[PDB]
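First comes one chain, alone, set out as structure tokens in the form deposited in one PDB entry.
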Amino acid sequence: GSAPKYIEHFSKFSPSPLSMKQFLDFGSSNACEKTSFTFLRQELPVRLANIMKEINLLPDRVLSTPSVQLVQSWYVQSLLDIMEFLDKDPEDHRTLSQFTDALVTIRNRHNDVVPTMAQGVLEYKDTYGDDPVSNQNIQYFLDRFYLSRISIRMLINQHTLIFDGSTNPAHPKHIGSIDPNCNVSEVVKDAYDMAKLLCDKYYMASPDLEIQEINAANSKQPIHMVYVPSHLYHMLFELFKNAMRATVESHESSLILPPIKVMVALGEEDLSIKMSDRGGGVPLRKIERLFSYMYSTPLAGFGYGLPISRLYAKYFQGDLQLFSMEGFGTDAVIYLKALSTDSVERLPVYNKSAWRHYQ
């Protein structure tokens, strides 16, 4: 009977953004679950509390929905779940192995949040309508809610993956979900192949791929970076699925089926990935709506592919944009930060500032 108390307390702190370097040293040298354990015991409760504090200030008409209420209960339970370790002592090789098991259990407990929240969006649409204002509010809330979730899952995956149990491997290519030497083109190739498979099965035809690299400072060196490869895969995959669908459907009474071209450019601070297709394009007017949760609610189904992929890009100070040419095709660009130094977590925070965005 004290969750409201915990929430209000940790709701006083601000989340602490970690850089890609800190993440690397967290699993590298300093790496002793004790250091991580002591960090996550306070950090997770601060991040959970902050997003929960935001939820509770939602209109009661949204608040009371079975969707929001159910999800809101998982976060309350997860908070209390991690609390158990606030007073424990980390020298006990069993106190921290229970923390690891506690994390894995919290992660899977939230595994269906997107679909669940999506259901609440649909109810609202039929219960109150889809007006620019309610859309802006939902968009504002979901973008922050989901970004927060991405950051929390990152902390948990880094801990669970890194402390699997003993250091046999000792010295790895990867540090949890992070690859200090990620070959961008390879990930492009992978996401493409997976999309192609789906495309062939459903349309029994699929455009090919062309890749071009532009290493500004070192003309012919392959482009590598420090990043979370699974995150990059997700964005590329969602983009490849859209490009394929459009290209195929727009050339049905045509035999020709142009390829999808990808360019990977590396500058002094940006690492840019552009995916160009000829799937007919979209009118500038409808582009804005493609990133909407409300308005966007085989290969395609719901409308979370674009908006959530953007959040992944933004997570480490990057971005994802779309510019099309109705009657021809579309360019989708993923902007990432080239230097591990500029790669720092972007986290939404609860303040008097975040309060008036709902007024």
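Start at 1 with the first residue shown and count on from there. By rigid core we mean the largest C-alpha set that fits within 1.5 Å across both forms.
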property	result
Other entries modelling both neighbours but not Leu299, at least a third	yes
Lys220 left out of the model in a third or more of other PDB entries	no
Where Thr65 meets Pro66 in the shown sequence, the number of deposited residues left unmodelled	none
Mean C-alpha B-factor comparison - 347 to 355 and 8 to 16, higher one	347 to 355
88 to 96 versus 224 to 232 - greater average Cα B-factor per the deposited record	88 to 96
Identity of residue with top Cα B-factor, from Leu306, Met325, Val46, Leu58	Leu58
Given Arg153, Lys173, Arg278, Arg285, the residue at which the Cα B factor reaches its maximum	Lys173
Within-chain third of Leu271 by Cα B-factor, per the entry	lowest
Lowest, middle or highest third - CA B-factor, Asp190	lowest
Ranked against its chain, the third holding the CA B-factor of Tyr202	highest
CA B-factor placement of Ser148, once the chain's modelled residues are sorted into thirds	lowest
Third of chain Cα B-factors occupied by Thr330	lowest
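As for the form deposited in another entry, it is not shown, yet the points below apply to it.
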| item | value |
| --- | --- |
| Listed options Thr127, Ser73, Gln221, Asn183; Cα moving by 2 angstroms or more between this form and the one not shown (core superposition) | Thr127 |
| Large Cα shift (2 Å or above) at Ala31 between this form and the one not shown, core-fitted | yes |
| Shift in CA distance, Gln98 and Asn30, in the other form relative to the form shown here, given it is 3 Å or more | closer |
| Pair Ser28/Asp81, Cα separation in the other form versus the displayed form, closer or farther by 3 angstroms or more | closer |
